[PDB]
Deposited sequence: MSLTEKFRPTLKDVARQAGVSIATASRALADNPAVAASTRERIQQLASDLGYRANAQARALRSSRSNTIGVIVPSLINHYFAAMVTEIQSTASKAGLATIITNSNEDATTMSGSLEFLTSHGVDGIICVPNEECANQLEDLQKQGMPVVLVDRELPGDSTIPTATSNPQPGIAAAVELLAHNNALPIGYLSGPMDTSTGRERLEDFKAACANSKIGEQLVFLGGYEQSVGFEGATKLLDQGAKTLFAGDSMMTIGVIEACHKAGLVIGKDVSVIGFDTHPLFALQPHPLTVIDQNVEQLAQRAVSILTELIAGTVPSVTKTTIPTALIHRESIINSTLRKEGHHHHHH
């Protein structure tokens, strides 16, 4: 029996991750209790306290930064592993995806297609995830020599991405490049509401693998993070108690200009 804590379950990515963490754990003879923090430090605080109180062998977890302290203490006693998100400072084994290879290829591809300017739709800047990927998109643009692009600093709600993406399209974006599952939804909602055919009137780059992204009238080019391998690796590290690269799935949502 192990414990897993995740910020959201309506996020298909985090529900994929726990399905795969659970399946790998059972193959190594271990059960799985899941918790959901709603991106709320107090809630996760509540969970960790509870999980270790009840004799779980290990914890695989997506750290809120506002929990850095309690998370260190449990190490000082509890086998802990962090996944997807990184603690901003000081030892706890972490397995995360490296976003640079996918982001660089998506930018490269936008550049060859003259599908510019790009409206990149950021995620919460309070996550290692949100900043890692915005650094990488910025460097890729320089490295691809297309110059500075449009950036919206999003957050958590589908509403935030819808509002973000609609503003990028106002500012002239010809490509919407989401940096999250949830931002990717806001981009779709935005193209739908504005009357635009993706892969025809505007280009989209999505983030993560949702089954329904592959089945749009023009399937979505997306950045895959390979959830299965991260979950495999993360449970390997929990039993014995690192980065998985990221990839571009080329589909049909980029116009050639």
{"item": "Deposited residues without C-alpha coordinates, grouped into stretches that follow sequence order", "value": "1-67, 145, 159, 311-320, 337-348"}
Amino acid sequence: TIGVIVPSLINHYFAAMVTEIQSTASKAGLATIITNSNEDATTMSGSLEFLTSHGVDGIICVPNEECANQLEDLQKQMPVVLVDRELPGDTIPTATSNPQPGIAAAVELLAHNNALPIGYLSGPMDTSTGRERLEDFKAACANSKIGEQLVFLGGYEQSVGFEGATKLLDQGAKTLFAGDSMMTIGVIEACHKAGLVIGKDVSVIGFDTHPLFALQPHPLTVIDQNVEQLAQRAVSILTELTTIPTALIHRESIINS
From here on, numbers count along this sequence of modelled residues.
item	value
Of 178-186 and 91-99, the one with larger mean CA B-factor	91-99
242-250 or 16-24, whichever carries the higher mean Cα B-factor	16-24
Options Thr32, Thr221, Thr209, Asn36 - largest CA temperature factor per the record	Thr32
Peak C-alpha temperature factor (PDB record), options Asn113, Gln75, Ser122, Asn143	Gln75
Chain-relative CA temperature factor third for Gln158	highest
Chain thirds of CA B-factor: placement of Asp126	highest
Ranked against its chain, the third holding the CA B-factor of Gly195	middle
Ranked C-alpha temperature factor of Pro79 among modelled chain residues, by third	highest
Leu230 - which third its CA temperature factor falls in, relative to the rest of the chain	middle
